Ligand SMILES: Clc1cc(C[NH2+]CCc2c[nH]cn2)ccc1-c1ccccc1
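Below you'll find only one chain, the form solved without the ligand, shown as structure tokens.
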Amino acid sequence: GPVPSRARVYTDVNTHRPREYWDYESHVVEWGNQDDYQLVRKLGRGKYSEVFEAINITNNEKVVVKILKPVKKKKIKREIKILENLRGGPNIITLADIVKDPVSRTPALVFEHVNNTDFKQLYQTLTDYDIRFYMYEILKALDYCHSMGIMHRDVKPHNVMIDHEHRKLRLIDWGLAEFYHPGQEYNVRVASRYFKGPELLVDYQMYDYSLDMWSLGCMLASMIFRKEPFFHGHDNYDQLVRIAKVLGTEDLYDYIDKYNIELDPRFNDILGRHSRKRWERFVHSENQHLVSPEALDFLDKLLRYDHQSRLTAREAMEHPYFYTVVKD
């Protein structure tokens, strides 16, 4: 069978936490007052929820209300428990309340509000310095949640809220996040297609926090190279082919051979043979102001097939790419 794997950091965090910390199925929700919140406008809809701007009438402050569609109560408790565990951490969205919506007959999560700019327009305006600054702020959030025993599993631009006026960043949408337990096998149907790590694309279930670092590398590559998304697959099979055309097929085979994994035979006629490319080939006159040797080295150390070889969040924060970022 497949070779097992463990996280190289924060491996035992949940082992030595009290069971109440990670045993989300036993969590007892503390419900707030549903009439404290007045919905103002709908902001979005997903497969699992709708999100609204709202006003908390007990303080006349804007909040954001996520009304869940019906889903396994286990998954609802998981997201609530994770949000409560991480509340107050650096750049983690703050869950302010949980209420029962009388119309949907489901829980409604109430969050702090972020006056954000959509990434489609924000990414066209960010400077080299802005990108380093906000990448550092995302790493603070990821090192925190990893240090707290949690993997996010849906890192992508749409889940990073940025109020550019106040240089404020929040990592949102913890609905796919999970507790890391050594040796646990996880669902590989997580993350958005363009941000799925090779471990998900080869169906390796014993993955860990390092999945988030692949997704972050995909974000970085799209920003410094001005190509969004960077790995633009048309389905989950073509997604791995897009990656292999950059990282090469020999190291893909080294990866699956190390964990004694077999590729889906449907790759026999689509994968081809590809050399590993140098990142300089993606540099051109319209993105070179966002590229430096430090940026390419940092990106190279995030985008590794082997989840065990990627920078950890803490290691990433030590990288020379962040030397120019003003520290507080």
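Each residue number is its position in the shown sequence, starting from 1.
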Residue stretch of maximal mean CA temperature factor, 18-26 vs 309-317: 18-26
Higher mean Cα B-factor in the deposited model: 156-164 or 122-130? 122-130
For the CA B factor values reported in this entry, which option in 301, 274, 69, 284 has the top one? 69
Looking at the C-alpha B-factor values in the deposited entry, which of 102, 233, 149, 175 comes out highest? 102
Just say lowest, middle or highest third for the CA B-factor of residue 249 relative to the other modelled residues in its chain. lowest
Going by the recorded CA B-factors, say which third of the chain residue 199 sits in, lowest, middle or highest. lowest
For residue 107, return the chain-relative third of its C-alpha B-factor as stated in the PDB record: lowest, middle or highest. highest
Comparing residue 325 with the other modelled residues of its chain, is its CA B-factor in the lowest, middle or highest third? middle
Please rank the C-alpha B-factors of the chain's modelled residues and tell me whether residue 54 sits in the lowest, middle or highest third. highest
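FYI, the form solved in complex with the ligand isn't displayed, but the following is about it.
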Quick one: from 243, 213, 160, 145, grab the residue that has a heavy atom within 4.5 Å of the ligand in the deposited complex. 160
Counting only non-hydrogen atoms and a 4.5 angstroms cut-off, does residue 206 reach the ligand in the deposited complex? no
Residue 191 versus the ligand, in the deposited complex: is there a non-hydrogen atom within 4.5 Å? no
Considering only heavy atoms, tell me if residue 131 and the ligand come within 4.5 Å of each other in the deposited complex. yes
With the partner left out here, check for me: in the deposited complex, does some heavy atom of residue 141 sit within 4.5 Å of the ligand? no
